[PDB]
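Shown here is one chain on its own, the form deposited in one PDB entry, set out as structure tokens.
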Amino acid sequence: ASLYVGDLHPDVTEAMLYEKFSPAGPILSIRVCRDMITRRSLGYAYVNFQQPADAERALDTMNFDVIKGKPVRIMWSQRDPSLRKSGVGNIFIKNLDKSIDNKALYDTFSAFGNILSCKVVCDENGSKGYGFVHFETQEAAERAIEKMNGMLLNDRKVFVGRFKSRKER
């Protein structure tokens, strides 16, 4: 019943998160991670629910909601970076229809299996064009590719390939 909720605006507070998540169910605790001494926020926080059926509800309901201008990425807490660093179930999407946001991106790929974390990246002028979707399974990822890479999504043709970090790149 622990949730990682990130992509937070450097000013979002534990109080604002409480007001945000409280509706999903009773909270055990909320904590926004900040730099040891400067206290500068680290752009993410833990939201601990009392009932996992609440944490799960909040995850399946408040995902992508905007706070102080930013869409929050919510996922089950998983402090071991191994999978993330190894992007095995992680795919890359290029050439998005701008009208395409996180939610839209989630719905389109969720069919292939459980996705751990997805984000359509945007900048001041919006949708920026691409994003990623980390599936819990590389079998899921394999099926996403192929069954999506190419075919037109919102008039536009998309490129779906394995993630490939900046180094490989």
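Position 1 is the first residue in the sequence shown; the rest follow in order.
Separately, the form solved in complex with a partner chain exists; it is not shown, and the next lines address it.
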Worksheet entry | Check all three, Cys33, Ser77 and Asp80, heavy atom within 4.5 Å of its partner chain in the entry with it bound | no
Item to complete: Quick one: from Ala58, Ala45, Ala141, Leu105, grab the residue that has a heavy atom within 4.5 Å of its partner chain in the entry with it bound.
Response: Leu105
Worksheet item: Only one of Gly150, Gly161, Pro10, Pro23 has a non-hydrogen atom within 4.5 angstroms of its partner chain in the entry with it bound; which is it?
Response: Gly150
Worksheet entry | Distance check, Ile100 to its partner chain in the entry with it bound, heavy atom within 4.5 Å | yes
Worksheet item: Taking the shortest heavy atom distance, is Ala53 within 4.5 Å of its partner chain in the entry with it bound?
Response: no
Discussion item. In the entry with it bound, does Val66 come within 4.5 Å of its partner chain, counting heavy atoms only?
Written reply: no
Worksheet item: Is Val121 close enough to touch its partner chain in the entry with it bound, meaning at least one heavy atom pair within 4.5 Å?
Response: no
Worksheet item: Using a 4.5 Å heavy atom cut-off, which stretch among 25-33, 129-137, 66-74, 106-114 contacts its partner chain in the entry with it bound?
Response: 106-114
